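Below you'll find only one chain, the form deposited without the ligand, shown as structure tokens.
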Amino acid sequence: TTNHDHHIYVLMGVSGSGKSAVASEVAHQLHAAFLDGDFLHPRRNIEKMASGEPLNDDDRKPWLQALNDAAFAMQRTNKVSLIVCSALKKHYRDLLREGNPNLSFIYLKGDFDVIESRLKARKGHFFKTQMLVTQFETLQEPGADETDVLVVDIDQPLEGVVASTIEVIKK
């Protein structure tokens, strides 16, 4: 079940890498559909993330399944769809690919120090530093074997990350 004329790009990478900011702007510029995956977290998950407890594979399963289904729904009527999903592990990405051969990834990439230096916080907010440590540890960067992954350098201003993402989509 796929419309092969249409395509889905999952913007992945650790929390704090600016995925939503980028996806939002890219989709608006390209007149593409956009979905922030963070919003499909099941109730249980939301409660857990806020109380500070990092999620586990089983917690993410239903979330990834929901995202798989949302991707499918989006590609039915949109030539281009962007979904934000950290998609840190390889089989999370595999879960997203199931039944979605027209889905690929755009990995907003940088090392811990790059990410930390590019972090954009709201006035008065404390950045979840130890969350970034954990996320960076969890991250399994897509190896050459993962052929549907395109990479973007987050070590630049938002406007530059947005144009680079666009170029990769136009590629």
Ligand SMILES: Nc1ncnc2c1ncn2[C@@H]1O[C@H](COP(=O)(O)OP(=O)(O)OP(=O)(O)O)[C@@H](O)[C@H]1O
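Numbering starts at 1 and follows the sequence shown. We call the rigid core the largest set of C-alpha positions that still match within 1.5 Å between the two forms.
Below: the form deposited with the ligand bound, not depicted.
Novice: Would you classify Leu158 as touching the ligand in the bound PDB entry, given a 4.5 Å non-hydrogen atom cut-off?
Specialist: Heavy-atom contact with the ligand at 4.5 Å: present for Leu158.
Novice: In the bound PDB entry, is there a heavy atom of the ligand that lies within 4.5 Å of any heavy atom of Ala21, even though the partner is absent here?
Specialist: Yes, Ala21 is a contact residue.
Novice: May I ask you to check whether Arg122 falls inside a 4.5 Å heavy atom distance of the ligand in the bound PDB entry?
Specialist: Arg122: contacts the ligand in the bound PDB entry.
Novice: In the bound PDB entry, does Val149 have a heavy atom within 4.5 Å of the ligand?
Specialist: Looking in the bound PDB entry, residue contacts with the ligand do not include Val149, since no heavy atom lies within 4.5 Å.
Novice: Quick check: do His7, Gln75 and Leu103 each get a heavy atom within 4.5 Å of the ligand in the bound PDB entry?
Specialist: Negative, none of the three is within 4.5 Å.
Novice: Superposing on the rigid core, is the Cα displacement of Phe136 between the shown form and the other one 2 Å or more?
Specialist: Stays below the 2 Å threshold, so no.
Novice: So that I can tell if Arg118 moves, could you say whether its C-alpha shifts by at least 2 Å between the shown form and the other one after the core superposition?
Specialist: Result for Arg118: yes, a 2 Å-plus shift.
Novice: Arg43: after superposing the rigid core, is there a C-alpha shift of 2 Å or more between the shown form and the other one?
Specialist: Yes.
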